[PDB]
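A.B. asks:
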C-alpha cells in the first residue's frame, strides 16, 4: 500500500523510494515536506513543481536513479510518458512528464502500458528492465532504449553521455550509450542520422577533441589558419564580437567557455529547461556588450566545422536544416562574396 | 500502518477514522486536503488550526464522536491532555489539547498514560472505555468521567448536557450526564459544589424552567413583581438598558435572547473559544446603543436569582466568588441604599 | 510604543485598540493572527485585504467604533483619506482608504493633516473629535462632519442613518445624522441638494413610510391606483417581470423585498463593494427568469415616485441625472405615447 | 492592450518586455509565474517583492535593460520615481521605486510626468530617451542623466561605472558615465563635489590604481612606508585587527579583499540593499575574531588616502563630513598625540 | 516590552537582538519579515522552520553569537533545551531545540531553569554566563560547559573547534575548547573517553596532521606502504572504489576530499542535519559510479588508523563500538584471512 509516511521512511533510510516497509512522522507546511528526527523537524523536500506537494514528493522519491537519456532527447523523440518509472527533470526541478503509468495513484492514467488510454501516446520503454522490450514490441507508439541489440530491430546509436541523478556524464563504470528504437502507429521507424549536443556546462567546460583543445589554448588567428577556416566567419560565429553595445555572434558553447576563462560574465537563462538550442540574456561584464536573446548550441567543434564546411556559400540568405539530437534545427546562413557573414540557429 | 491515505479512506467511507484498511488518492494544497472521486477533486478538510495540515487532518479524523464534556468544563478542571482520544474543540475548530497520548506520531508525547512524561500532567480518562478507570486509579494527576458509579470514589454530578459531534445537547437516547472525579498529586480530590452554565445558543434559545418561560413571555414589570425581584436591579443587569450610547447591563444570555426576539442585533465574539464567561462586542441595531466588552454568562435564571438573593446588600462594593462550572467566578456587586446597583461578572 | 503584541493585547481585553499597556503572545500563520489563551491558540483576525497581515490587523484594531458615514457617502464626496482614524469598510472587509494619517507607521503618509503631502488630498475630518473643525478650517481640501452647527459655515444635512461597527442604523441612543461640509482648493463648497439611499438589506427589509407599507401589503393594481402611477411603468420598473427567460425591470430594492417575502431567489454580488447603485446577477428560483446585470438602487419609494413624476414624459429616450448620495446618477428614460416604457439607472 | 499573457509571451521570446504581440498560457501558483512549453510547466519568475505576483512580474519584465545609475546613486539624489521606465533593484530583487509613471496600471500614479501628482516628487529622467530632457526642463523636481551635454545646464560628472542588467561595470562598448542634473522646486541645483564608491564585490575584487595593486601585493609595513601612512592608523582602519574576540577596524572593502585572499571569512549582509556605507556581521574563520556591525565603504584607496591626509590631526574626537556618492557621510575620527587612533564611518 | 518591531529594530541596527530600545516598521508576507528603509521594503528574515514566521524571527534574532558547541555534540549529550539562550542550528536553518527557557513567550515552557517543568529535562548551561554554574550545580539533569575549571567537578575536555555564527572554527582570538560536565538525576556523571569528529567541509578541506598532509599529497600505494597500512583495506575503506556501478567504500571525509581535488562529484545530503555520521547519495561524475547511502564520518586520519589497528583481526564479522563525539558509533568489521575486508559505520 502506497503511503506518504512509507515514502518518507524510504527517503530517510535510502535517499529514494526502494519499496521498503516502515513509517516515519511527516509534516507538510508551505510546499515543504518535513520529518521528525529526534524531536526536531528536518526538511526532506521542497516542492518546486506545479503539482501538489505530496504528489510531487512521491514522484521525486520514485525517480529513476539509473542512467537515463537527457530529457531533451526524449522531447525530441516525442516521448509523452514513461512506462513504470519517473524521469525527473533536474533542469526544471519537476517530473519530465505530466502523467505516469503504474507509479502514483494521483497521476497514473493506467497501471500498465498495454491499456487502451496509452495506445495513442508515445511511451518510453527501458530495455534494462525485464519485460519492457516485449512491451515495446507490442506497443503502438513508443521509444525503446537498450544497452545492446534486440532481435530483428536496427538500432540507432545515441549520445555518448546520459543523465545519472541529475549529473550528465559519459559512463565508465556504467553504460550511458543506448540504442534507440521508435515505433509510430505500430510501424518501426528508422531514426534519422543526427549530430548530438555535448551537454557540457559553461563553468566546468572540458574539451573532447584535439581541435577543442587547440581552440581553448590557441589564439584566434592561429586557430583560424590551422584549420583553414578563413572564409567561415568563426571570429563572429564562434568567438563572439564584444565591440558594440549589442553582442555579436557567439552561438557555440565553446566560445562562451573561451570568453569565460578570459573574462567572467553572466547568462540569464530566462526559460530554464532542457533544449538542443538554448537562449540566453548575455551581458559581458568586461565590455558591457549585451544581447537580449542569444541562441547557443553545444556541438562538438569538429561537428560544427563539418556542418559549416558542408554548406553552399553561393546563396545570399537561406535556412539550413540540420538534424541534431533526433530533431531538425534551422540555421540562418548569410553569405556575401563567397564567404559567410553569419550562421546562427533560428528561433 | 498509520497513513494519510488510510485516514482519508476512513473519512471518505465512514466520515471519521474507524481503523478500516484501504487507501484513496490524496492531494494537499493550501491547508486543504483533497481526494479524487471519479476523476475530480473533492475537499475533505480545511485546516483552521496552527498545526500542519496533515497532522490536523489526522487529529480531526480521530476525534471522539461519543458525547464528551464541553471543553470549558475540561479547562476549568485543568485537563492538560486526553488519554487515547482526541477532544475536538468545535468553537476553535481545532483540537482541544496540544499533545496527545497514543493517537498521532507527530503529536504524541507518550503511547500510554502510564509513561513518566504524563505523570505531572492532568490526564482526561473516559470511564466508558475499558480499562480507563484503572488507569485513573493508578494515575497521579487526572480527571475521570463515568456514566455510573465507581467503587470507592464519591462522584461529582456534572452538567446535564454534553457535546456530541460539536452540538451541545441533553441526551435522551444517550447519556450526557457524567460523574466527575479528580486526582491531584495522587490524592483523590473533593470537587466543590457548583452551578453549571446551560451552554445555550442565542439564536435558538429555549427556556428550561417555568421561570424562564415567564421571563420570555411576560413583560418587565409583571415578571419583576411575580418573583419579588424589586430590589435586585434586574431591569438593568438582566433586561439591559438601551437608552444611552453605552449599553447598560445585559449580562445574562436569557436577556440577550429576550432582546433578540423583538429586535435582532450584533454579537462580535472577538475571542472565539469556550468559556464560562463570554465577552462580546455588542451593538444594538434598533437604538445604536453599544458596549465594547459585555461579559455574558448563561446560567439558569433560577440559579442566578438564587445567587442574587443570597447576597449581602449592606456592602457598598465587593467581589463575589461564585463556583460555576467547577471554577471560581468573580462578580462585582454594587449595592446602594440596600438595593443592587449592578451585579456583573468580573474580567 | 506601537507593537503587534500590544495591539493584540488591546484586542483581547477590549475588542479593539484602546491604547492600554500590556502584551500578549502572538502567532502569525497564513494571513491569520493567533494569540495563545491557556496554552491554546485562538484566532483573532483573518486578513481579507491585500495588505500584509500584521498591517491589516493593526488597521482593523484601530477602526472607528463611533457612528460614521457609510463608505459610499465618503466615496461620493471624494474623500481620499481620514484624519487620525481608520474607516473600516465592512462590505470589502478592508480599510476604506489605502493611506492613513497618524495611525500606522507602515501606512501613514503623514502624522498630521496639516503636512504638505496631505494638502492636495481630500481629508475626512470628524467634528466629534476636538480640534478637527479647526483642522478643516485650515485645510485646503477636506470634508467635515459634525453633530451640530459650526460657526460661519452652512451645513448640508446628511443621511438619517450611519454605520456603527459595520451595522447601518438610524440612531436613537446615539446621533447618526451629520452636517456635511466640503472644501475644494481652500474654498468652502455648497453641497448640492440630494436624495439619500436608505441602505437597507434585502432579507430584513423594513418600510420607512406609509407608502412602502402599502406597497408591501397590497397587490399591484391597488397600489398603482391608490397613488395614480398608471402611466409610470411601475409594473416593470419596480415590481419586476418574471415571464421571460430574461428578467425584466426590478430596479428598486423594495421590489426585490416584495418578491423575496413570497418567493426567495439568488443574488450574486459580483462586485462586493459599497455604492449608490448596485449591480447583481439575479436568478429567480420560482420561474427561472434571470438577468446578468440588474442595477438596483434603494431609494425611499416616496422619493422615487417624486423622481418619476418630475420627468418630462414626452421625449422618447433621454438620460436624466439625479443627485443621489451627493453624486450624479444617470437614469435611462424610455417613454412611448406619453407613458413610461422603462426607467433604469445607467451603468 | 496590456496583458499578463502578452507580458509572458514577450519574456519567453525576448527575455524582457519588448512590445511584441502574442500570448502564451500562464499559471500562477505560490508567488511564481509559470508558462507551458510543450505540455510541461516552466517557471518564468519568482516573486521576491512585497507586491502581488502578477504586478511584480509585469514590473520586472519592463525593467530598464540599458545601463542605468546604481540604485544608491538615485537614492542619494532623492529620486522618488522614474519617468516611463522601471529601475530594477537587483540587490533587493524588487523594483527600486514603489510607484511608476506610464508603466503598469496597477502601480501608476500618472501616465505622463507632467501631471500634477508628479510635481512634488523628484522624477528620474533619462536623456537617452527622446523628449526626456525637455520634460526635465519643464519639471519642478527631478534628476536628469545624459551621455553628453545639454544646452544651458552645467553637468555634474557622475561615477565611471553603471549598472547593466544587474551587473555593475565600467563600459567600453557602451557608455556608463553620465552627466547628472538636479532641480528642486523648479530651480536647477549645483551638485556638490563628491567622491564615488567603486561598487566592487569581495569575491572578484580588482585593483583600479597602482596604489591598490601595491596594497594587494605588498606587505603591511612595506606599503605603509612606501606611501608614508605612518601616523594614519592604516594597520587598524584598513588592514583590520584579528587578535581580540572583537574584530578591529577593517572599514575599507580593499582590506576585506586583502584578508579574503589569505583566509576566507563570513559576511552577513543583514540589511540587503544598496547604500554608500554597508553594515556587515563579520566573523573571521581563521581566528574567530568577529564584530556584529562592521561598517564598510568601497572607496578607491587613493581617494581614501586623500581624505585621511586632508584631516586635522590635532582634534581629539570629531565628526568628519565627506561628500561621497552625492551624499554626506559622517566619519568618526579619533586622534591621539598627533596620530590617528581610528577613522570609521558613523552608524 | 518584548515586541516584534523592537526585535526588528535591534536586527536592523545591530544584526541581532541586543536589548536596545526602538521600533521599526515591519511587514509580514509569506514567511518573510520585511522592514521599510526609505520607503522601500527590505527583507530581514525568511522563515525556513516549522514555527510561525514571527516566532522564528524572534528566536533567530536572539541566537547565541558567542562560540557554542556544535549541535551534534549537544544531541549526543542529550540536551533537550538551553537555559536563557537560543542555539541556532545552521544546518537546519532552525532553532536547535523546540522549547526555550526565558526567551520567547510563544515558546517558553519556563522563565528559569529552576522551575519544576524543567527538572526532568537535560538543560544546557553556559559557564561563560554568570550564575549558570550554580544553576547547573542545583539542577537535576543538565550539561555544563566552561572555559576553565569549576571547583569540585572533573572536566571532560571537548572538541577543539566550536561554532560561531554558523561557521565552525578552532579559535585563536576566542576560546572554542570547552570543559563538559553532565548530571543525570542529580548525580554528576563521568563522561566517557571519546574521539571527536573534525567537522571539516568537503570543498575547503584542510589537513590537520602530518599524516593527512601525506595522504593528500602522496599516491595511494606510497601512503599505504608508509604507515604500514597493508592489511587494513584502506584502498576500499578510505580511497574509494570507482570501478563498478555501485560505489565502493569511501567512508572517511578525507578520502572524499582527495577524490574531489582530482575530480569533483555530487553529494546529495538527503537528511540535512548535524550528525556524527552523515549519509550521502554520492554519484561520481568522472566514472558514473554511485551509491545511494554512503556513511561518511570526519575523523582525524590518525585517530581512524588508531581505531582500525586497535581491532581484533581474527573475527570474521562483528560490530565494533567506538565512542565518538560522546556517543557510541557501531562499525561493521569484515575480515578474511587475517586482513580487513571492509570497516564502515553501521546504518
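Chains as they are written, first to last, in this note's numbering: chain A, 306 to 652; chain B, 306 to 652; chain C, 306 to 652; chain D, 306 to 652; chain E, 306 to 652.
For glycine and all other residues, C-beta sits at the position ideal for the given N, C-alpha and C.
1. Just to confirm, is the Cβ distance from residue 382 of chain C to residue 427 of chain C under 9 Å?
2. For the candidate residues B/350, B/396, B/431, B/377, whose alpha-carbon lies nearest to that of residue 390 of chain B?
3. Between B/498, B/583, B/438, B/521, which lies nearest to residue 626 of chain B when the distance is taken from Cα to Cα?
4. Starting from the C-beta of residue 727 of chain E, find all residues in its chain whose C-beta is less than 7 Å away, skip the five residues before and the five after it, and write them out in chain order.
5. To the nearest whole angstrom, what separates the beta carbons of residue 462 of chain E and residue 372 of chain E, a pair I think is in contact under 8 Å?
6. If you drop the 5 nearest sequence neighbours on each side, which residues of the same chain put their C-beta closer than 7 Å to that of residue 404 of chain A?
7. What are the start and end residues of the beta strand (DSSP E) that includes residue 520 of chain E?
8. Taking 9 Å as the CB-CB limit, is residue 585 of chain A close to chain B?
9. Nearest CA to the CA of residue 407 of chain E: which residue from E/618, E/394, E/423?
10. Which runs of the alpha helix (DSSP H) fall wholly inside the segment 348 to 423 of chain B and span at least 4 residues, in chain order?
11. Near residue 612 of chain C, which residues of its chain fall below 7 Å by C-beta distance, leaving aside the five closest residues on each side in sequence?
12. What's the gap between the Cα of residue 573 of chain A and the Cα of residue 604 of chain A?
13. So the beta strand (DSSP E) residue 447 of chain C belongs to, where does it begin and stop?
14. Determine the chain B residues that contact residue 339 of chain C at a beta-carbon separation under 9 Å, and present them in chain order.
15. Which residue marks the beginning of the alpha helix (DSSP H) containing residue 529 of chain C, and which one marks its end?
16. Does residue 384 of chain E have its Cβ less than 9 Å from a Cβ in chain C?
17. Establish whether the CB of residue 254 of chain B and some CB of chain C are separated by less than 9 Å.
18. At what residues does the alpha helix (DSSP H) containing residue 538 of chain E begin and finish?
19. How far does the alpha helix (DSSP H) with residue 313 of chain C in it reach, from first residue to last?
20. Excluding the five sequence neighbours on either side, which residues of its own chain have a C-beta within less than 7 Å of the C-beta of residue 333 of chain E, listed in chain order?
21. Going along the chain, which unbroken runs of the beta strand (DSSP E) with 3 or more residues stay wholly within the segment 446 to 501 of chain A?
22. In whole angstroms, give me the CA-to-CA distance for residue 459 of chain A and residue 484 of chain A.
23. In this structure, how does DSSP classify residue 584 of chain E when only helix, strand and coil are distinguished?
24. In the segment 385 to 398 of chain D, which residues sit with their C-beta less than 7 Å from some C-beta in chain E, listed in chain order?
25. Check whether the Cβ atoms of residue 505 of chain D and residue 562 of chain D sit closer than 9 Å, and answer yes or no.
26. Skipping 5 residues on each side, what residues in its chain have a beta carbon closer than 6 Å to that of residue 362 of chain B?
27. For the candidate residues E/348, E/326, E/352, whose alpha-carbon lies nearest to that of residue 336 of chain E?
28. Give a yes or no on whether the minimum CB-CB distance between residue 688 of chain C and chain B is below 9 Å.
29. Can you list, in chain order, the residues of the segment 559 to 586 of chain D whose Cβ is nearer than 7 Å to any Cβ on chain E?
30. Using a C-beta to C-beta distance shorter than 8 Å, which residues of chain D count as neighbours of residue 478 of chain E?
31. Just how far apart, CA to CA, sit residue 491 of chain B and residue 454 of chain B?
32. Got a sec, what are the start and stop residues for the beta strand (DSSP E) residue 542 of chain E sits in?
33. Closest to residue 549 of chain C by C-alpha separation, out of C/596, C/610, C/448, C/310, would be which residue?
34. Output needed for residue 388 of chain E: all residues of its chain with C-beta closer than 7 Å, excluding positions within five of it in sequence on either side, in chain order.
35. To the nearest angstrom, how far is it from the Cα of residue 634 of chain C to the Cα of residue 650 of chain C?
C.D. replies: Straight from the coordinates:
1. For the purposes of this step, residue 382 of chain C is taken as the residue at position 77 of the third chain. For the purposes of this step, residue 427 of chain C is taken as the residue at position 122 of the third chain. Their beta carbons are under 9 Å apart, which means residue 382 of chain C touches residue 427 of chain C by this criterion.
2. Taking the first residue of the second chain as position 1, residue 390 of chain B is located at position 85. Of all alpha-carbon atoms in B/350, B/396, B/431, B/377, the one lying nearest the alpha-carbon of residue 390 of chain B is that of B/431.
3. Indexing the second chain from 1 puts residue 626 of chain B at position 321. Minimum Cα-Cα distance from residue 626 of chain B among the listed residues B/498, B/583, B/438, B/521 corresponds to B/498.
4. Past the boundaries of the shown model lies residue 727 of chain E; chain E is included only from 306 to 652, so the question cannot be answered.
5. On the fifth chain, residue 462 of chain E is found 157 positions in, with the first residue counted as 1. On the fifth chain, residue 372 of chain E is found 67 positions in, with the first residue counted as 1. For residue 462 of chain E against residue 372 of chain E, the beta-carbon gap comes to about 15 Å, at or over 8 Å, which does not count as contact.
6. Residue numbering aside, residue 404 of chain A sits at position 99 when the first chain is read from its first letter. Taking C-beta separations shorter than 7 Å and ignoring five residues to either side along the sequence, the partners of residue 404 of chain A in its chain run 386, 412, 414, following chain order.
7. As a first step, residue 520 of chain E must be located in the fifth chain, where it is residue number 215. No beta strand (DSSP E) contains residue 520 of chain E, which is instead part of the alpha helix (DSSP H) from 515 to 522.
8. Mapped onto the first chain, residue 585 of chain A falls at position 280. No - not a single Cβ of chain B is within 9 Å of the one on residue 585 of chain A.
9. Within the fifth chain, residue 407 of chain E is the residue found at index 102, counting from 1. Comparing Cα positions, the closest option is E/423.
10. Listed in chain order, they are 358 to 366, 376 to 382.
11. The residue you call residue 612 of chain C lines up with position 307 of the third chain. Excluding residues within five positions, the ones whose Cβ falls inside 7 Å are 627.
12. As a working note, residue 573 of chain A is residue 268 in the first chain. As a working note, residue 604 of chain A is residue 299 in the first chain. Straight-line Cα distance between these residues: approximately 20 Å.
13. As a working note, residue 447 of chain C is residue 142 in the third chain. Counted as a single uninterrupted DSSP element, the beta strand (DSSP E) harbouring residue 447 of chain C occupies residues 447 to 451.
14. Your numbering for residue 339 of chain C matches position 34 in the third chain. One finds 355 in chain B with Cβ atoms closer than 9 Å to the Cβ of residue 339 of chain C, taken in chain order.
15. What you label residue 529 of chain C is simply residue 224 of the third chain in a count that begins at 1. Secondary structure note for residue 529 of chain C: its alpha helix (DSSP H) is the uninterrupted segment 525 to 531.
16. Here residue 384 of chain E is taken as the residue at index 79 of the fifth chain, counted from 1. With 9 Å as the cut-off, residue 384 of chain E does not count as an interface residue toward chain C.
17. Because chain B here runs from 306 to 652, residue 254 of chain B falls outside it and cannot be looked at.
18. Numbered from its first residue, the fifth chain carries residue 538 of chain E at position 233. Looking at the DSSP string, residue 538 of chain E is not in any alpha helix (DSSP H), and its letter there is neither H nor E.
19. By one-based count along the third chain, residue 313 of chain C stands at place 8. Judged by DSSP secondary structure, residue 313 of chain C falls within the alpha helix (DSSP H) whose first and last residues are 309 to 319.
20. Sequence index remark: in the fifth chain, residue 333 of chain E carries index 28 (1-based). Exclusion of the five residues before and after residue 333 of chain E leaves 358, 359 as the residues of its chain whose Cβ lies within less than 7 Å of its Cβ.
21. Those beta strand (DSSP E) runs which fall completely within the segment 446 to 501 of chain A and span 3+ residues are 447 to 451, 466 to 469, 472 to 475, 484 to 489.
22. Mapped onto the first chain, residue 459 of chain A falls at position 154. Mapped onto the first chain, residue 484 of chain A falls at position 179. Distance between the alpha carbons of residue 459 of chain A and residue 484 of chain A is about 9 Å.
23. The residue given as residue 584 of chain E occupies position 279 in the fifth chain. Residue state, collapsed to three classes: strand.
24. For the segment 385 to 398 of chain D, the set of positions with a beta-carbon nearer than 7 Å to some beta-carbon of chain E reads 397 in chain order.
25. As a first step, residue 505 of chain D is located in the fourth chain; it is residue number 200 there, counting from the start. As a first step, residue 562 of chain D is located in the fourth chain; it is residue number 257 there, counting from the start. Taking 9 Å as the cut-off, the beta carbon of residue 505 of chain D is found closer than this to the beta carbon of residue 562 of chain D.
26. Position 57 of the second chain, counted from the start, is the residue given in the question as residue 362 of chain B. Excluding positions up to five away in sequence, the list reads 338, 350.
27. Translated into the one-based positions of the fifth chain, residue 336 of chain E becomes position 31. Residue E/352 is the option with its Cα nearest to residue 336 of chain E.
28. Chain C is shown from 306 up to 652; residue 688 of chain C falls before or after that span and cannot be answered.
29. Residues of the segment 559 to 586 of chain D with a Cβ closer than 7 Å to any Cβ of chain E, in chain order: 571, 573, 575, 576, 577, 578, 586.
30. The count along the fifth chain starts at 1 and reaches residue 478 of chain E at position 173. Ordered by position in chain D, the residues that pass the 8 Å Cβ test against residue 478 of chain E are 547, 548, 549, 550, 589, 592, 593, 594.
31. Counting from 1 along the second chain, the entry for residue 491 of chain B is found at position 186. Counting from 1 along the second chain, the entry for residue 454 of chain B is found at position 149. If you take the alpha carbons of residue 491 of chain B and residue 454 of chain B, they lie about 20 Å apart.
32. Your numbering for residue 542 of chain E matches position 237 in the fifth chain. Per DSSP, residue 542 of chain E belongs to no beta strand (DSSP E) and is neither H nor E.
33. As a first step, residue 549 of chain C is located in the third chain; it is residue number 244 there, counting from the start. With distances taken between CA atoms, residue 549 of chain C lies nearest to C/596 out of C/596, C/610, C/448, C/310.
34. Translated into the one-based positions of the fifth chain, residue 388 of chain E becomes position 83. Excluding five sequence positions before and after residue 388 of chain E, the CB atoms of its chain that fall closer than 7 Å to its own CB belong to 406, 418, 428, 429, 430, 437, 440, given in chain order.
35. Numbered from 1 along the third chain, position 329 holds the residue referred to as residue 634 of chain C. Numbered from 1 along the third chain, position 345 holds the residue referred to as residue 650 of chain C. Their Cα atoms are separated by approximately 7 Å.
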